[PDB]
Structures are given as C-alpha cells and as structure tokens.
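One structure is given here, and the rest of the page talks about it.
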Amino acid sequence: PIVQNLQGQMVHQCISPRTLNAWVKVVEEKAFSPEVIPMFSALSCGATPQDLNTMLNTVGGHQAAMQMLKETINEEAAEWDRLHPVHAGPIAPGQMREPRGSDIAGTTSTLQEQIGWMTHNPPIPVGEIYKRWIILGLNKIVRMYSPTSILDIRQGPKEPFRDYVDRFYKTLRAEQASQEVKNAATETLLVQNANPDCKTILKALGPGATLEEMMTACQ
Amino acid sequence: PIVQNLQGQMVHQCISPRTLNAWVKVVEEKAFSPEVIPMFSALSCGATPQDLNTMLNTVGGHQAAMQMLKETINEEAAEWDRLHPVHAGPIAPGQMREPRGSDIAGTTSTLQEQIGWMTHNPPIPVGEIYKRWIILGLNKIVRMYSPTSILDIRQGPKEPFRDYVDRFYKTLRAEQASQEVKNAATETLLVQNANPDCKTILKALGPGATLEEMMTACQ
Amino acid sequence: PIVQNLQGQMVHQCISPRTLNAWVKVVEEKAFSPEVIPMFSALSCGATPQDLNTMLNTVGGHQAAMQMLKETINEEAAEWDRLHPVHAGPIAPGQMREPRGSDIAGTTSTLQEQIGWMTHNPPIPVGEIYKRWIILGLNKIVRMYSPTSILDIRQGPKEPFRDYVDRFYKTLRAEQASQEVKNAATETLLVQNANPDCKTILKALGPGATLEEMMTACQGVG
Amino acid sequence: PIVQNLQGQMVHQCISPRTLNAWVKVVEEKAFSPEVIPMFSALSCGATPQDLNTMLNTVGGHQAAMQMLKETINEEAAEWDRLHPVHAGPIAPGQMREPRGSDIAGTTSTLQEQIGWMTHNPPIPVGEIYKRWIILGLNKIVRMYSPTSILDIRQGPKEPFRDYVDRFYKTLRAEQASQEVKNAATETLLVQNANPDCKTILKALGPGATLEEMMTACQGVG
Amino acid sequence: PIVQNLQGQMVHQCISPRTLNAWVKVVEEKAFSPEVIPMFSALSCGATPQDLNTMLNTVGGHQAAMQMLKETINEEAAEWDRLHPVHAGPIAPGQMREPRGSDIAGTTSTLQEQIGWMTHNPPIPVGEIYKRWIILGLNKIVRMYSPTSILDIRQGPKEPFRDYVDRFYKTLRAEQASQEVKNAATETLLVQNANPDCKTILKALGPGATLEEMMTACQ
Amino acid sequence: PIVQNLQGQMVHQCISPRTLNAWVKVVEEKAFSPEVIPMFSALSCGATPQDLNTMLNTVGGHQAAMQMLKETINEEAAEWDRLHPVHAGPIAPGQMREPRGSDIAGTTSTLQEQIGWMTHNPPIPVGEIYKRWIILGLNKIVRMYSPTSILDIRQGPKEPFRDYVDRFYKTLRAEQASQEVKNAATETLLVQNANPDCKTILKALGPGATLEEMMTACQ
Amino acid sequence: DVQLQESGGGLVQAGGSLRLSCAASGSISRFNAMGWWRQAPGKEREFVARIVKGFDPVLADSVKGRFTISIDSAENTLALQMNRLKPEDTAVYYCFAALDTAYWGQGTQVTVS
Amino acid sequence: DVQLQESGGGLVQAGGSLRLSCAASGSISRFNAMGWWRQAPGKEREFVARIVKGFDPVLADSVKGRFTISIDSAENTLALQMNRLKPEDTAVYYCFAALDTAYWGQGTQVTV
C-alpha cells in the first residue's frame, strides 16, 4: 500500500503478511456474509491496484464469485473509458500517462505507474477507484449468497423475539447489501412474520414504535 | 486512527488488523456483556469516525442491537444539529466547513474532512463526539440484554457468600453500569437477598460495614 | 501510556491490543493468585490513570473483588486529599490545577489533564500513585482469596517432597506476612507437616539443614 | 528484502520470521494449488535473490516439484545469458560487474553484489527478474499437479449448483489456458456436465443467460 | 530494559508483553531443564534490575526454587558489599550514589537510579551484575532438578545408540550445568554404560574416538 | 543481531522473542531434516556470535548432535588460528585486538568486542565466519540422521511415479544437501530403482529427458 | 407438488393486443426463475421471455420491442402482455417456473391473423 | 489394447526424402509420450526422436539437421520426415508409445 512515513513524504510499503492471512481467513470462515465487505475495505486501506488484485487472487475457493467479480470489474472499466477517454499524444519528458480502465484494475499498469498516479499533485487515486468497483461486485455476490428471502423469515413459536429480530435484519442486510430504504418493509413484514402470540402484542403497540420499545414489550 | 509521528505532527494511520480482529472476537465471545464497553473505548483510541463505523460494521451477528444503535446515533445527531446548527455560506479558500450531525457519524463526510476537523487548531473532535454517541447506545443494549433483574439474585442456601456477591454485582453492572446510584440499592438488597444464617451475621455487623468486613464475617 | 518517542519528548500512546488481551486472559486463567500482581505492574508500565481504569474495567467476572478494590481506592483517595489538600484560587493562565484524590484515580480528570501532570517539570506522577493504590487493593484480594492456611498444608503420603514444599511457599506468598514470619514458619511447620517417610529423613539430617539439602535428601521417597 | 527506510535511502532488511513461517505453512496446507502463486509473489515483495532462494529452500517436501523448479530456473538463466551476454574486461574502480544468469538466480553472487545491482541508478532488478523465473516455474507445477481435467468435472446429483460451478472454475484456473478458452469452455461443458435437474432449468433459461442468472435459477435443486 | 533508540541515546523501554508471556510459558512447559538458562539470558537482554525481578516474580509455581534463588541472591549481595563497600559521605549536587548489594538486586533502588547507573560514563552495569547472580542461582536449581545421576544412564538392549547418547549428554548437561571438564567422564562411563553388543563394538574402536565415528560404527 | 538505524549506523539490537521461539520450534518439529539448515541461516541474519550460541544453546534435546557440533566448531577454530594467528603486542589506544578462533565462536569474547569487529571499517565479520562453521557442522548432522540410503529408495509396484520421485530427492537432499554431484547419480539410479513398467517408459524416452518429460511420460 | 397452468390465450387478429396469465400454486415469490416459451406447429420451440429473481426482465430479440413480462405476487400470476401482434406469433405459449426443477404449464394457443 | 505398425521404409538414394509413419489404434492424444528409435544389424538401438505431450519435439543430434518429427492427430500417425538421407542412416526404425506400459512397433527397414 501507500502510506505516510515519519517524514511527510508518501512511500510504498509491502503488503503485510498479517493482512494477507487475515483476508484469506475471514473469507474461509465467514465466506460472503455481508460484514465481509467492511472487513475488505479496512484491510485494503491505502492499497495500490496491485495490492487489491493480490488480496483477491490469494483467495483459493469461491471461484464462481471471483469470475463474477471479474465481469463486474470489466463492466466498470468500460464505463470509465467511456466517461474519461484517454487523450492521445506523445508523452512529455517527466509527465505521466493517462490511466485507462485496465490501468486502474492493475492489468496493464506497473507498480511504479500506480504509485505515480496515487502520489501526484493532484492525485489520481487509481487505488480508491478500483476498490469501489470491487465493492460493487462484492455487494452483488453477498446478495446472491443470501440464503433466505426476507419473506420467509418468520418467528417460531418458541423463538425469543430478540433471536427472530436478529435473523430478520441479518437477512435484510444481505438483500441489497443494506444501503436501502430499510423502513417500508420494516413497518410491515417484521410484524406480519412475527409469531402469533407476539403478533397480537406488536399489533397492540400502536403507531410509532422504536425497535427498543417493541423488543421490551415482547420480552 | 490519528496518531503523532516523530515530528509530533498528527497524521492518519490505517486501522490495524490486530484491533479489528480483537473487536470482532470480543463481541463473539462476550456479546453485549457490560465489560465490552470498556474494551470498545480502548480499541477505538484515536479513531476517526470512519474507523468507528468500520468497527461496528464488521460485526456480523446481533443485527437487532446494531439497528438500535443506529437509531440512537440518529437521535443524537439531530440534537447535535439543533444545538450546533450549521452556518450557511460560501467556503473561504483554506477554510473548512462546519460538521453536521451526519458528518460526525461519518455518513456524509470524507476521511479528509474528518482529518481536517480532528487536526485543526483548535481541534473539532468529531471522533470523540461520535464515540460518545456510540457508547451511549451500547450502554442501552447492555441493559436490554441483562438476563436477570437484581431482585431475582438471591443467595442459595448452600452458596458461598463470595460467589453470591459476584453474581449480584454482575447483574447490577449490566443494569447501565456501576454508579453511586447502584450503592443505595446495594446496602439494602444484598443483605435482604442473602441466605438466612448469613443475613443474621450481616445484620449483627451493623451499619457502614465494608465489603471486606462483611465477606470475612460470612466466611 | 506515556512513552519516550524517538526524540526526547514524552508523548501519549494508546493502550495496545496485546496488553489488554493479555491482562484479561491472566485474570481468566489465574484469577487473583499472587503472581498476577507483578504481571499487572509490568503490563501497566507508563500507564495513565485512564489506562489503568480501562485495564481494571475490562475484567468481566470477579465483581466482588472489583467492587472491594473500588472501596480500597476510595479510602486511599481520601487520605491523599487529607495529606495534600488542594490549594484553592483562581488559576493563572497556563498553570496546572492541583490534582485531588479523585483526579489521581482518573474519575474526575481528563486525559489531557493527566498527561499535563505526568509531563510537567517537575513531574506530578498521578499514574504511578494510582498504581500504588491499585496494587495495595489487589494485595488484600489475593490474601482474602488464598484457599488454604499453611496450618492445613500437610505433605501427602505419595506426594514428592518438592511438590509439598512448592505448595508450602505458594501459600506463604498469598499469606504474604513477612520475611521473619516466612523464616520462623519454615523452621517449624515444614518439618512437622512433612510425610512420615520424609520426616524421619529430615529429622536424621540434624539441625542447620539448608532447604537445598532437605529437598535433595528427600528425592527418594517419590 | 530492500526497503524504503525512514529517509529516502534503500536499505537491506533481514527476511522476517513471520513471512518465512507463513510461506512454509501455505505450502504445507495448500501444496501447489493455483492460489499459492499469488501468495508467493506478495510474500516475496522486495526480495533479494538470496531471500527468494531461502523461501524456496525452506520447503521440506515436494522435492520433485522443487527439483523440477530448479530445471526451469536453469533454462531461463541460460536464455538470459544469451540475450544479455556479459561484457568481458577489467573492472574499473568502483563500477559494478555485469550479472550473469547465475548471478540473478543467487547461486554465484554475494548479498552485497545483489544489493549493489538493485540499488544502482538506474537499478538492475535482479530480484524482480528471478521472481519472474520462479513464478514461471511454479505455474508449470500447478498445471502438472491439477488432479482433474474439466472434462471429468460433472455435477453430482445432490451437489448444489454453486459448488459444481466453484469446482469448474477452480479446475480452469489450474489449467490456466486462456480467457478465450475459459469463455468457450463455459458456453459448452458447464451446461452439459450439469446435473439433470439443473440441466432442465438451465436449458429453459434460454440463450444469453448470465452466469449470475443461472446460479440464482439453480438455487432450488439443493 | 535499556535500549538504543534511533538517535544514539540510550533510553528506557517498557518490558514487552511478548517477552513476559514467553518467559512465563517456557518455565511452565520446560520447567528447569538446562536450556532454560540460555532462554532467560536472551529474554532479559538489556534488562534493568526491576525488569529481572519482574520476570522472576511473574513465575507462579516452583516457589521452592524461587525461595532458593532468593537465598543465592542474598549470598551474592553480601559478597558484593564486602568486596565493594559503599563509600559514605554527603552526595554532591548532580552526582549519583554508590550502589549497594541490595540496590543491584532492585530491592532498595528506584528505576531512575538503576537507569542512572546503567547509562553513566563509565557505566555501572547493575542489570548485568544482577543477571549473573540470578544465573548462578538457576544453575544450582537445574542441577537439583536433574532427575537422574549420570551413573544410572545405561543403554537398553533395544535402544538405538543415538537415543542413549542423547540421554547421556542431556544428563551430563544437567549436572554442573555443563561448564565442566566434559571429558574425563566421557572417555569412561559412556562406554561402560553402553549396551552389551554395542560395548564390544565401542571397546573395539581403539584409542581416540570422535563422537561422530562411534555413532556411525554403532548404527 | 546487528542492524542499521535511521542514521544508517550499525547498532546492536536484542534477539527477538519471535526468532528464538521459531528456532526452538522448527527444531522440535523438523529435527535435523536438511530443510532446517536454510531456516537457521535466515533466522540468524545479522547475528552476533553471542546470538548464534544463544540459538544453539536454547535447544533442549538432540544433545548428541550438539556435542558433535561443538567438536566441529572446535576443529574449525584451530584451523582459523593456524591460518590467521594472532599477532601479539600491547594494544594501542583506540585499536582493537585480533580475534582468535575462540573469539569468533563467542566463548572468550565479549559482546562489545564482537560488535567492534563486525562494525569496523573494514569489517571483520566474526558473525558470518562463525555461522559458516555452524552450518558446516549442521550439514554433517543431517547426513548422520538421514534414515535411508538412496540405494534403498525403490519405486513400489503400485506407487505413483510422482510420489516415488519425492521420496528419492528427499533422501538425496539429506545426504549433504543438493549439488551437481547429486545429478550424475540421479540420471542413473532414479531409472534403475523405478518399477518395471515405468522403467520401460523412461528408457524409451531416451537420454537428456527433463523431469517434466519423464514425470508426464509415466503418468 | 408444484402446478402451473397458463390461461387467457386465444385467437385475435393482427394489430391487436393480448395478455396471457399463468397461475401458480403456492406463492410465486418462492420460484427462483420463471418465463415463457412457445412452439408453433411443425416449428421448433423458441424462447420468448425470462424473469430471474432480482434481475431485470429479459425478452427475446424477435419480440424485444413488442412484448412485456410481469409478475403480480398479489394474484400469484405471471403475465406476458403480447402487443403489436404479428402472424409469426401463431403458436402455443408455455410458462415455466423453477423450484428444485423445471415445471411447465399445459400451454395456451395463440393465433394471429 | 494399443497396437502400432510402422511403414514407408525402404531403399532410396542419398539426398532423397522419406516420411516414416507409425499407425496407432485409438487416439494419439491418449498416449503420454511417443517417439522413434532405430537399430541396424550390428549397430546398437539408437534413439531418433521423441514427442512428449505438451512439450516440444526433441530429436537426436545425429539427425537434428536433417530429420523432422511431426504428429498428425487427424491421421492418428506419428511422422518422421527424413531429408538428405545418408548411408550411415541405414537402420531399422521403431516407434514407441507410452500408456500404462511402454509399447513398441515391429520396425521398418531403411537402406540408403
């Protein structure tokens, strides 16, 4: 990645063995549960495009998802080239070339070129752009791998309300990778899919309900 | 988080893999036991608002509590905006804008804006303010997840006094952490809920007995 | 904590994840066995009052001991205020206020104030003073939680002499007492509470036997 | 490796215990599965030729692969000498000698010479070149050790479609081939080698179905 | 401990959590096997007297040995005072006092005093002196805890010569903590305590034998 | 070991707890398999003679091998003294003395003397020289502990050729590590010790076959 | 198990519009994919429309401009609104739904001229 | 079983060309290695050419400038094209294929 050193200057640093193992392990243990998207973003702090490709390439399993991710990246690269086409011409001594979609994805760029763009003034943040594309791809995968549709999450008769609600928002989180209205379905389906004795209690609560007040009522 | 370098200058540093894993792990092992709130505060030392959101978002389970936390943060953001409204106007070259409630929570602010506020002279500590709101929210969750009311902690006939006192103060701690308020109730119910023979010993000890004196007396 | 930096200046550093986890684990594994007190002192090297409170607050169990510990701290805080009362007055621009007992314990002071006292010239070491009170409190807890009196430590019939002697001085450590007591007690109870096969050997060694000589002599009983 | 230091100067640093242990373990756990090649490249960031040889030499098993790897390196070393022959002559005081194929592979060069080439202006990156040869060699080994041909990858009757597709593209990765081959092969064998319950569903989806749509469609078969 | 920082100056550093745990664990797992003396010396690199006492005090078991160690330290302190008595007088502004036996052992000295002596020019290395005394004490303990006298190590009929020789020098190592002649007993007892079929082979080897040549012969 | 600081100056640094534990652990798990010699060399990067003795002394078992190693070191020390005898005389203020064989092995030299030689201009690398002797000694031990002669590695009738070749070169490696010498024997015995049907295939392949071609042929 | 039945089909003249509807047993949100295929007498089955859960509707190219496929979870029905009908549209139209393998309706005959 | 039979050998003048071909049953892609050896009366069996699956063809040095080896998977044949034939090249030529065990043809006589 690119970090600030003890002097003000920004220098490249080797990807650490600790970070690489952490990413490989969280995928092995948690797969594509929604919380993996945060973890990737934190583990890829300051990453060059090469580093991001390294993290993704070190994943051994889940090769269907990885192939799907490549499709999303390629889709995003084409839109980059369409909105920011490369101005062609001979390059002036000591000036950098313009990054293409494939340069941002680390396929046609060198580490030194990636460092050049990221540390320029003004900076061309090829690392941050690529990370955005990867996260868009991962969101789709998390959603595909959501095991249950929200409509099928219904409280068991012996299930504590807290455990049903935990399951409910986890499923909601997996669909559309959170980042949605999160309000229309809640005011509706959470009560309808509640258990029968609890449903009567939730119905009786009236308009306006905090999550906190309803869970206390059903304790 | 924000740390100082050898020059003393305040610079951003990526959140470490050790801290992230530690937080995810402590939540997995301890859930929302009262003791987790200390740990969060220490693990989030120097954190930017981005980092605090990262730590909370990497938690996979307990999504009901997380949704309650979002509600509490949003409530605190509105009061921040009401008590410190944003002054509108064109931004002067080299001047920074005023943070809104949503800027403190890291939802509508960039890392660079967050760093600008935290490193200003005088500093506008958006990280410390957001951490206050999160801890207020976590406190509410520990209370909700307290499994027993202190009134239901009664010393068993064969239970050693030391083991009973441990159970008593664990429950008291969950009920929105220790305070001086927890002491008026303590000098009363701990004795009333003691077993027959020990209660006689504690009553005979008289008023103002220290825990050391009472625990020694009932040994 | 407060650390040296690369230049001479004393700067604050966040408590590390390694230390916090280490402290929580030693309490889980060893509870309040006497050896935990040295570990606490080493893990809290350079700690601010805030850091010390974090370490104590992250302990989940043993809340009887923790509440008892709070009582001891408050007693020591009151004595601090009595021997070093706070001089009242308007504060001069750029001068520090005087720390009260409660400021040393980190209850009414901010991190910046704590750093200010510790980095003054001359330094007012509010962190080191608080650690003294905490260690005083932990000493009382280890003694209360010692499970056996030495009077009840007697060598088992098949117990190796080394293991009985190990148990003997471990109990003495929790009981702490003094060095005079530790040497009077050995000259007494260690021989009488020994097993009869070892007792005959120890008696035959005569007066003035070193601890070293008895343990070598008794390596045959098994 | 060669690292940036706190000042701008490039200095040598010992290979770390964390990296060495990590490399030995990935080989023990994953052998020569295709994902090991990226890990090697990341763990060997900035490596000198000496460091790369240490990493390869610490592997205890798989000595057939290691000996095969040595053969590939020697082939690449000979080609280096042919395209970049060494200019012979007396060496001028303070000038570097020219690296041969065998110097790049770390067999006949000293650490100081390796550091000299890598830190020259312009730099002669003997470390990066050698890593290229090693990765070329590892690619051949992963292909040889691929246990199953795609032609033999067929969906099991109770196998979830995701798992068959996972197996399909894992095999393609070891087989490496090309992107044209990977897209021609999918349009062919993935449907025919699917289970019959899934095959009916995939056939009913029609032409132009995305990989994403088929995996969603087939989530019912279980 | 006292270490060199990035500038030439020698500064104090907190004992690390990694070192403390390592010392506690090696004692728990290996007890007083002879190789523990090396490990202690390496883990106590640069240690102040306080740090050395910390390492010894964090040991929970083996309190018989620890009490024996205290006796040896006290014995060494008296000899220090006898050969280097303290010159008495009023202390000159900015001059250090002279260390006594008890100051070297960290019982009557402050951390600042210990640092003062160790970083003086010329340095008074109170840390190194105390470490020597501790190692003398540990050597006696290792010897006491040697489970077998060398005279009783004899090769079994089915024991590979290599395994007997491994046992032989381990026992020899425990007695007198190595650091002995290591030659008179070897030219003698190793052959006599060998197994009968091997003894004939070893006897037949003649004068002069390398350890290597004898083990090959008996392979 | 000796490392450079930010000034570039060569300074001593304590051996780390991670390296010491790693060495003890690798010996426990791998014993004296040939692959341990690489690991030792990497773990002892920059080591002083004191550090190398520390690493070897912390090994608890295998004391026969350690005693053989001491013999080999002592043999190499005598040849060092014979080829580089010490010039006798009074030492000139600010001049250092000449290292003897025993000074290189760290037995009669102090750390300060060791640092002086290693950091001189020109440097006298007592650490690298001692490491040479130790590795020479370890090489002899791996050969002694090789369990099988290469002549006894014969392909089983049902053994896959790949698994047989792995066994073949493991044995060859133990026999004083890989070399060019190990290649004259390889082109011969690997074929002669192959199973019937594969031998016919390898013979038909002709001279100069690469391992890749032979291993493919017998698959 | 799972039953599908198309309906709403028949014979209409050119330039007209028509809406076919496919009734499904159970809840339609349980299916992971549904769509419409057709076969004309003597001609091989041609693909018309597909809707996969979470994805946009996909239509065949010969119909892309003219047909629309929709799902009404309230009535548990799958609609194909055939519009701007042509003579090549004479065919039998089938709906399919896939849950643990696919299922077909009996078809509805559509004849345009 | 795997069966091979060579043909096309004979007596030719110097400088001519010839293509020996070894027909194999089944598909040649199933074999893990194939090649050509020759033995003349009184001469020891000598290695001529080898093709291993996925690898480039290797030829002996005594034939390297003049002979070429190719494989036509269409005709299921192993071809050795030999130009500039010399009298010292006179020998019987054998093909081999490696599956499970090693299989050999019966050979074809070449006389220059």
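List of remarks:
- Reducing the range A:1-80 and the range E:166-187 to their Cα centroids gives an inter-centroid distance of 56 Å.
- Shape summary: the protein assembly as shown maps onto an equivalent ellipsoid whose semi-axes, from the alpha-carbon gyration tensor, are 62, 54, 34 Å in decreasing order.
- Equivalent ellipsoid of the range H:3-112: semi-axes from √(5λ) of the C-alpha gyration tensor, largest first, are 22, 14, 13 Å.
- For chain D, built as a Gaussian network whose Cα springs stay under 10 Å, the top-fluctuating residue of D:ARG18, D:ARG154, D:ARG100: D:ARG18
- Couplings 3J(HN,Hα) of the range B:57-70, computed from phi: 5, 6, 6, x, x, 6, 6, 4, 4, 4, 5, 4, 4, 4 Hz, in residue order, whole Hz [Karplus 6.51 cos²θ - 1.76 cosθ + 1.60, θ = phi - 60°; x for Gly and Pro].
- Note on the protein assembly as shown: helix-only mean residue ellipticity at 222 nm, from DSSP H runs of 4+ residues weighted -39500 (n - 2.57) and normalised by residue number, equals -14500 deg cm²/dmol.
- Rounded to whole Å, the principal axis extents of the Cα atoms in the range D:101-212 read 66, 27, 19, largest first.
- When the alpha-carbon atoms of the range G:28-69 are used, the pair Rg, Dmax equals 11.6, 35 angstrom.
- Overall dimensions of the range E:36-81 as given by Cα atoms, namely Rg and Dmax in Å: 11.5, 31
- Pairwise centroid distance, computed over Cα atoms, of the range G:35-60 with the range B:113-148, Å: 54 Å
- Proxy reagent accessibility, fewest Cβ within 10 Å first, across F:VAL126, A:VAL11, F:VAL86: F:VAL86, A:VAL11, F:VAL126
- Rounded to whole Hz, the Karplus (6.51, -1.76, 1.60) HN-Hα couplings of the range F:33-41, x for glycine and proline: 4, x, 5, 6, 4, x, 4, 4, 4
- Residue (of D:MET68, G:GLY65, E:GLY137) at the positive-pole extreme of the protein assembly as shown, dipole from beta-carbon charges: G:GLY65
- Sequence of D:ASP163, B:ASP81 once ranked by neighbouring C-beta atoms within 10 Å, starting from the fewest: D:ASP163, B:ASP81
- When H:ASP89, C:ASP197, H:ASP100 are sorted by how many other C-beta atoms sit within 10 angstrom of their C-beta, beginning with the fewest, the order is H:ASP100, C:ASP197, H:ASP89.
- Reported value for the range C:146-201: 74 Å³ per residue, from the convex hull of its C-alpha atoms.
- Measuring r between the beta carbons of C:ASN183 and B:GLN7 and using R0 = 51 Å, the FRET efficiency lands at 0.35.
- 3J(HN,Hα) couplings calculated from phi for the range G:79-92 with the Karplus curve 6.51 cos²θ - 1.76 cosθ + 1.60 (θ = phi - 60°) are, in sequence order, 9, 10, 8, 6, 10, 6, 5, 10, x, 5, 6, 4, 5, 8 Hz; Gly and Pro show x.
- When restricted to Cα atoms, the range F:46-107 yields an Rg and a Dmax of 14.5, 45 Å, respectively.
- Around the amide H of E:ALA185, modelled in the peptide plane, lies no amide H under 5 Å away from a residue 5 or more places distant or on another chain.
- Annotation: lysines with alpha-carbon distance below 18 angstrom to A:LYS199 (same-chain offsets under eight excluded): A:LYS158.
- The spacing between the range G:6-20 and the range C:84-117, judged by their C-alpha centroids, is 88 Å.
- Normalised convex hull volume, the range C:16-101, alpha-carbon set, Å³ per residue: 128 Å³
- Convex hull projection area averaged over all views, the range A:69-140, Cα basis, nm²: 5.1 nm²
- Of all DSSP beta bridges in chain G, antiparallel share, percent nearest 5: 95 percent
- Per-q log10 I(q)/I(0), the range E:1-137, q = 0.22 Å⁻¹ (Debye; single scatterer per alpha-carbon; no solvent): -1.43
- With the convex hull of its Cα atoms as the shape, the range A:101-219 has an orientation-averaged projected area of 10.7 nm².
- Taking every alpha-carbon pair within chain D, the share separated by more than 22 Å comes to 62 percent.
- Set C:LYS203/E:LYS140; E:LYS170/F:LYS140; A:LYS182/B:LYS30; A:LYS30/D:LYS140; A:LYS140/D:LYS170; A:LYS131/D:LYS170 screened for pairs whose C-alpha atoms are more than 22 Å apart: C:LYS203/E:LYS140; A:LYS182/B:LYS30; A:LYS30/D:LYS140; A:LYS131/D:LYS170
None of the figures in this text is laboratory data; all of them are computed from the coordinates on show. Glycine also receives a Cβ, built like all others from the backbone with ideal geometry; neighbour counts cover every protein chain displayed.
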